[PDB]
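Shown next as C-alpha cells: one chain only, the form deposited in one PDB entry.
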C-alpha cells in the first residue's frame, strides 16, 4: 500500500538522508510492459517527454500515477515543500558506448523542482557487468552512495544542490524514466519572469 510506504519509509528516509530507494515498485509483469512501450518509443542520448495518455504509453501513465500516489501521501511531510505538480515523464534512452554523465545538480538555481524521481526498467540488468551506476554525493556528508539501476527500482532524492550526482559509463543500451515534482512557492517565483509560460 502506498500509504504505509510513504509514511513509514519515504518521508522519514527523505528527511534524514535525502536519498530513498524503493525496490520492486510495480512488479515484473508491469515492468516488462513499460519496457516494451519505452523500446517501441525510441525504436548522446535520446529524450522524449510523455504525458501518460499517449497511444502505446498507457503503462508509462500507470507508472506516473503510482509515483503521484506516493507523493500524495507524503503531502506536507517532505521538508517544508508543498508539492502541487510535476513535469512530464522524461523517457530517456542511454547508449552503452562507454559514455558517462558529468557530475551535476538537477536544479541548481531554483527552477521549482524539489524531488527527482527515477524509474529503471532494464530487466536482468547486472550493474557489475554492464555499468551505469549512479553515484550521489549528498552535500556535507562524509559518504557518497552508488545506486545500481536495478530493474523495477524507484529512486527519490532532493533535486537541489544537496545531491550532486554522476553516472558511470555503460556498455549496453539502457532506459530510465525521470519525473520531477515542483514546489508550489519556488515554481511560482520561477514563473514570474516569463510573459506567458
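Whichever C-alpha set is largest while still superposing within 1.5 Å between the two forms counts as the rigid core. Numbering follows the first chain given and starts at 1. Residues that one form lacks are left out of the comparison.
Unmodelled deposited residues between residue 29 and residue 30: none, per the record. With 100 to 108 and 123 to 131 compared on mean CA B-factor from the PDB entry, the stretch scoring higher is 123 to 131. The stretch with the higher mean CA B factor, choosing between 109 to 117 and 75 to 83, is 75 to 83. Across the residues 162, 165, 42, 153, the deposited record lists the maximum Cα B factor for 42. Residue-level temperature factors show residue 57 in the highest third of its chain, judged at the C-alpha atom.
In this PDB entry, the Cα temperature factor of residue 181 sits in the bottom third of its chain's modelled residues, the lowest group. Remark: residue 65 belongs to the lowest third of its chain, ranked by C-alpha B-factor as recorded.
In the deposited entry, the Cα temperature factor of residue 170 places it in the middle third of its chain's modelled residues.
One more form of this protein should be noted, the form deposited with a partner chain bound, which is absent from this view; the next part is about it.
Shown alone here, residue 88 lies within 4.5 Å of the partner chain in the deposited complex, counting heavy atoms only. Residue 174 falls outside the set of residues with a heavy atom inside 4.5 Å of the partner chain in the deposited complex.
Although the partner is absent here, residue 118 sits far enough away that none of its heavy atoms falls within 4.5 Å of the partner chain in the deposited complex.
Using a 4.5 angstroms threshold between heavy atoms, residue 123 stays clear of the partner chain in the deposited complex. Shifted region between the shown form and the other one (core-superposed; runs of 3+ residues, all CA displacements of 2 Å or more, residues common to both forms): 191 to 193 only.
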